[PDB]
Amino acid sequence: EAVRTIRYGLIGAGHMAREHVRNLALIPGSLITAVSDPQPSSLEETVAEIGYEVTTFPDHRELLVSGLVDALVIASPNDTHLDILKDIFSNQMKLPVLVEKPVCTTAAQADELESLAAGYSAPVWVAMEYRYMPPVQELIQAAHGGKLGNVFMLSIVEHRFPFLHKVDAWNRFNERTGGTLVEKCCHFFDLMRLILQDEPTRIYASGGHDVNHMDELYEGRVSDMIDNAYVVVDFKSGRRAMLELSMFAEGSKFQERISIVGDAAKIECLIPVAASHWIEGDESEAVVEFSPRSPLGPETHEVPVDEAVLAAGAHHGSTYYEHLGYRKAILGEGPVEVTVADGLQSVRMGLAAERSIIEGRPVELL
């Protein structure tokens, strides 16, 4: 068939950018030619990870007119996404974008992004990749395919470690992250829309900042972000979903549990902690359990992931399959599967959840 070279530019050269790098290295015809980051420590580490020569820029505006790129990846702090997108949108080269979640951090940003994105002709993909985890993909196919009968309930449990230290401590305050239920939980709101094939009408949440980062001072201020919550989401069709989050439950062997209940069957998956975050040599595999109602007899199977695909990132192989899809979108050989529209809904959902917590009331979604 012949591998077609795509020249990628990376705007933001931090932790997640380096994961993008390792996933692009598994995909023939993936050439990184330009990297931007205002911090040279980040560029040194990232160039080293790429392991071949590239052109670096401290500002993305020069990368955009460098003439070196066919497609962009944005992995900068959450509150910078809209501003970089605006510069891409007004650039005269119409370049495809894979923009990291959350696509934006406030309601004002979302209102503005919505108008600007509809006027842009090139593909814009929001990098919420969890659907591409092989076990999650099995649950989606089962739900969409009717293997559960009519679907009514969706539970998502994420039990994990506290937010990691980042460059300039950008992820410690709501003002830069959009809040925990945007930063961390947009993934889950979007899976709810995808799995249930419906739109949310009402969100209620209870949560707090109970445990984490109490001993970290940023100009004498303590982090204001949530570290645990319960969220209950209603949908137009009458389906209902629940998210449980703890950022202080890293002892849990399985970091994610997703369960779906229909009137014919239940299905569930358990996703292990990424090797880099768990005990060496105590690796569990992801499992899927299908539990029909009628002839009682559950079935459990492991869902293997290619060794190299799994080791290239910390999201159970998902970033690789995200890149296969984005590549196809760049070539015009496939559609954008996670759109700006999907991004905006996930953000508004998370924003509504944060407001619900703070004001002790459910929030309607329009």
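In case it trips you up, residue 1 is the first one in the sequence shown, and so on.
If you average the C-alpha B-factors over 228-236 and over 112-120, the higher value belongs to 112-120.
Looking at 155-163 and 275-283 together, the entry lists the larger mean B-factor for 275-283, computed on C-alpha atoms. In the PDB entry, the Cα temperature factor peaks, among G178, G262, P295, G208, at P295. Placement of the Cα temperature factor of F89 within the chain: highest third of the modelled residues, per the deposited record. Ranked by Cα temperature factor within the chain, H316 sits in the middle third according to the deposited record. In this PDB entry, the Cα temperature factor of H81 sits in the bottom third of its chain's modelled residues, the lowest group. Per-chain ranking of the deposited C-alpha B factor places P38 in the lowest third. Residue-level temperature factors show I203 in the highest third of its chain, judged at the C-alpha atom.
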